[PDB]
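Summary of structural features
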Amino acid sequence: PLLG
Amino acid sequence: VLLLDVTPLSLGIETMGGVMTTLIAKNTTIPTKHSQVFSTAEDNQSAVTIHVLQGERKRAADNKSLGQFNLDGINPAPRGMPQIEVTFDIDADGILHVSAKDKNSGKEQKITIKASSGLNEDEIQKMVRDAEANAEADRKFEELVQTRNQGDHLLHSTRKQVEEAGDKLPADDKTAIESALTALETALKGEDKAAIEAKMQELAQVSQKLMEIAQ
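Residues numbered from 1 in each chain as written, not as in the entry; some residues may be left out. Chains lettered and ligands numbered in written order. Heavy atoms only, no water. Residues with missing side-chain atoms left out of burial classes, pairs and counts.

Header annotation of the entry names X-ray crystallography as the structure determination method and lists the resolution as 1.8200 Å.

With that out of the way, let us pick up the interface of chain A and chain B. Listed by partner, the interface residues are 4 residues for chain A and 14 residues for chain B. Of the roughly 720 Å² buried where chain A meets chain B, counting both sides, 64% is carbon and sulfur surface. Here chain A is connected to chain B by 0 salt bridges. Remark: the boundary between chain A and chain B carries 6 residue pairs in polar contact. Taken together, the residues of the side of chain A that touches chain B break down into 3 nonpolar, 1 polar and no charged. (Contact = heavy atoms within 4.5 Å. Buried area = accessible area lost by both parts, 1.4 Å probe. Salt bridge = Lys/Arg side-chain N within 4 Å of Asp/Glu carboxyl O. Polar contact = N/O pair within 3.5 Å; in protein donor to acceptor, adjacent residues only side chain to side chain. Nonpolar A, V, L, I, M, F, W, Y, C, P; charged D, E, K, R; others polar.)

All names here are of chain B. If you walk across this open sheet you meet the 4 strands as β2-β1-β4-β5, and the pairing is antiparallel. Since the sheet does not close on itself, it has two edges, and those belong to β2 (19–24) and β5 (64–71), each with one partner. Strand-to-strand twist of the sheet, defined as the mean angle between neighbouring strand axes without regard to direction, takes the value 30 degrees. (Pairing = 2+ DSSP bridges. Helix = DSSP H or I, 4+ residues; strand = E, 2+ residues; numbered from the N terminus. Axes fitted to C-alpha atoms, helices over the stretch in contact; angles between N-to-C directions.)

All names here are of chain B. Inspection of the entire model under this criterion finds 10 salt bridges over all chains. Here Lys126 ties to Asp130 by a salt bridge, and the two come within 3.9 Å at their closest N and O atoms. Taken together, the residues span about one helical turn, with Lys126 and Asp130 both in helix α1 (residues 121–133) at a distance of 4 residues. For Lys126, a relative accessible area of 47% puts it in the partly exposed group. Judged by relative accessible area, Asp130 falls into the partly exposed class, the value being 23%. Taken together, the shared-partner salt bridges connect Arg57, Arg59, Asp62 and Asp138 into one network. (Buried < 20%, exposed > 50% of the residue type's maximum accessible area, 1.4 Å probe, protein only.)

To continue, consider the sheet that holds strand β6 (residues 84–90) of chain B. Spatially, 5 strands are ordered β1(A)-β3(B)-β6(B)-β7(B)-β8(B) in an open sheet, and the strand pairing comes out mixed. Since the sheet does not close on itself, it has two edges, and those belong to β1 (2–3) of chain A together with β8 (108–113) of chain B, each with one partner. Of the strand pairs in this sheet, strand β3 (residues 32–40) of chain B and β6(B) are connected by 7 bridges, and their pairing is antiparallel. From the neighbouring strand, B:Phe38 faces β6(B), where its bridge partner is B:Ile84.

Take B:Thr40: it is sitting in strand β3. Residue B:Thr40 is classed as buried on the basis of its relative accessible area of 1%. Taking the C-alpha atoms as reference, B:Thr40 lies 9.3 Å from B:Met16; in sequence the two are 24 residues apart. Leaving out residues up to four positions away in the same chain, B:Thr40 has contacts with A:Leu2, A:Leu3, B:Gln45, B:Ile74, B:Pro78, B:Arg79, B:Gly80 and B:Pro82.

In this section: a nonpolar patch on the surface. A contiguous nonpolar surface patch, about 330 Å² in accessible area, is contributed by B:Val1, B:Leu4 and B:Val6. Position of B:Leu4 among the secondary structure elements: in the segment before β1 (11–15). (Patch = residues over 30% accessible without salt bridge, like charges linked within 9 Å, V, L, I, M, F, W, Y side chains within 5 Å. Areas by Shrake-Rupley, 256 points an atom, 1.4 Å probe, with all protein chains shown as cover.)

Encoded structure:
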């Protein structure tokens, strides 16, 4: 559920 | 009705590891609105890239790019704490509105994607064909990205806990844990699922005192  | 307007392919975004996370599933009837809350990959991250994807492949790179856009102005925080709500909204006219809202800083950024964007009737069948053709490979990639994000979580959480611990941790434990974290960081760069799990296992075998202290 993480974005860079 | 004799007719349904439906999505021929999954719509979603790229998440950490270059995976497609689906917000609107294949064969969804329009109009439709779905949202999911995402967070930051790194400590003190000031912005997210929203990369919008159409397709059925697990690898972000193997799907059709509908566009991307940034949401800046994220306030300094530990990774995983900011709440970035992503909304995909397809109206009656088949236009896709994508929004990212920071639930702290209230900031919003959108991209609008015309009903005509993305893959043509043929490319859709070629994409659906590839999904099922490369299904085994997409599973293997999926559990490598899972393994990688578990190792990255273990790396980051362990460094945090070594610090909170300070003098409480025997020198012997710290040397052993420090060596294992270096070895795990190195293996996380690579592609070898087995080598990541081996370094994760080393860190867990040597970390028992640190885990007691983190109590």
